[PDB]
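In what follows, a structure is listed as structure tokens, so that the remarks can point back to it.
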Amino acid sequence: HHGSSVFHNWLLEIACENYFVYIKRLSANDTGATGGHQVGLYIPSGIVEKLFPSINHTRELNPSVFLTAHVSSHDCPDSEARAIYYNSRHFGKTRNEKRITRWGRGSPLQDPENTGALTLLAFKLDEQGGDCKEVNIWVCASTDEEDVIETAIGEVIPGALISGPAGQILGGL
DNA sequence: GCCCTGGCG
DNA sequence: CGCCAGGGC
């Protein structure tokens, strides 16, 4: 059934490998619980600036790049997720935000019941200078797992996004 | 399922 | 800034 041992072990591995971490409570929109067709995750600007430089600009409309999404907390097929800069405010329209879509209908990131779930996305840094090519996801499945992270980094509050290099965010394990 | 879009506080 | 959607494909 798991308490939090497997979570903890995965955390230690992320903590000491070359990852940049994004931690949030999934919103109802992220998971699809709203009824909207976003089929993707809202991400803050700083994630793209550090992880996907090639898409970080306004000299082309809606640039995007692909990456492998692998879910570590759930048995779930991998997918080619798509990191996107919706930037139409520069092209005469209204959008100016970043997104990752294409998790798959069966992902915990597309399950309406994980709304409010404490999630951690571990982006694998490109040590050779380009775009992140891979993200490992963990959606906490219980309050037990939530306590491990929240004990370590403080409470995670909807809207209040946490991101940073693994060695810093998870240094307190 | 996913594209790209606009609106709300 | 994050989140709430949805027409059209």
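Every heavy atom of this structure was used, including side-chain atoms; hydrogens, water molecules and symmetry mates were not. All chains are named by letter (A, B, ...) in the order of the sequence lines, taking the proteins before the strands, and each is independently numbered beginning at 1.
The two residues A:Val156 and A:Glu150 make their nearest non-hydrogen contact at N-OE2, 2.8 Å.
Mapping A:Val39 and A:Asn87 onto DNA chain B via the closest heavy atom, the residue that lands nearer the 5' end is A:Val39. Each of A:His37 and A:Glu97 was matched to the nucleotide of DNA chain C holding its nearest heavy atom; the match closer to the 5' end belongs to A:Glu97. Projected onto DNA chain C by closest heavy-atom contact, A:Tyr42 and A:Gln38 fall at different nucleotides, the more 5' of which corresponds to A:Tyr42. For the pair A:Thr94 and A:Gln110, both in contact range of DNA chain B, the more 5′-proximal nearest nucleotide belongs to A:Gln110.
In this model, the phosphate group of C:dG2 is not approached by any side-chain N or O of A:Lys24 to a distance below 4.0 Å at OP1 or OP2. Side-chain N/O atoms of A:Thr34 include none lying less than 4.0 angstrom from OP1 or OP2 on C:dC3.
At a threshold of 4.0 angstrom between heavy atoms, the contacts of A:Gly35 with the nucleic acid are absent. Base engagement by A:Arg99 is indicated by at least one non-hydrogen atom pair under 4.0 Å involving a base atom. Residue-level contact check: A:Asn96 touches neither bases nor backbone, having no heavy atom under 4.0 Å from any strand.
Spacing between atom CZ of A:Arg95 and atom P of C:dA5 amounts to 14 Å, rounded to whole angstrom units. Look at CG on A:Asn29: it is 5 Å from P on C:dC4, rounded to the nearest Å. In this structure, A:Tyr22 places its OH atom 7 Å from P of C:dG2, rounding to the nearest Å. Atom OH in A:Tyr86 sits roughly 16 Å away from atom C1' in C:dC3 (whole-Å rounding).
A south sugar is assigned to C:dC3: the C1'-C2'-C3'-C4' torsion is negative, on the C2'-endo side.
Under the 3.5 Å distance criterion, the side-chain polar atoms of A:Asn9 are left unmatched by any main-chain donor or acceptor of A:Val6. A distance-only check finds no donor-acceptor pair linking the side chain of A:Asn114 to the backbone of A:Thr31 [under 3.5 Å].
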Starting from the C-alpha separation in whole Å, work towards a yes-or-no answer on side chain to side chain donor-acceptor pair (under 3.5 Å) for A:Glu145 and A:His8.
CA-CA 8 Å; A:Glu145 293 178 344; A:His8 183 75; over 6 Å; no

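Checked for salt-bridge contact, A:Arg25 and A:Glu146 meet the test: a charged N lies under 4.0 Å from a carboxylate O. A:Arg99 and A:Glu97 are joined by a salt bridge, as a carboxylate oxygen and a charged side-chain nitrogen come within less than 4.0 angstrom of each other.
Nucleotides of DNA chain B lying under 4.0 Å from heavy atoms of chain A occupy a range whose first and last members, 5' to 3', are B:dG1 to B:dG7.
Note on ring orientation: taking the six-membered ring where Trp is involved, the planes of A:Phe52 and A:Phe123 are perpendicular (angle over 60°, cut-offs 30° and 60°).
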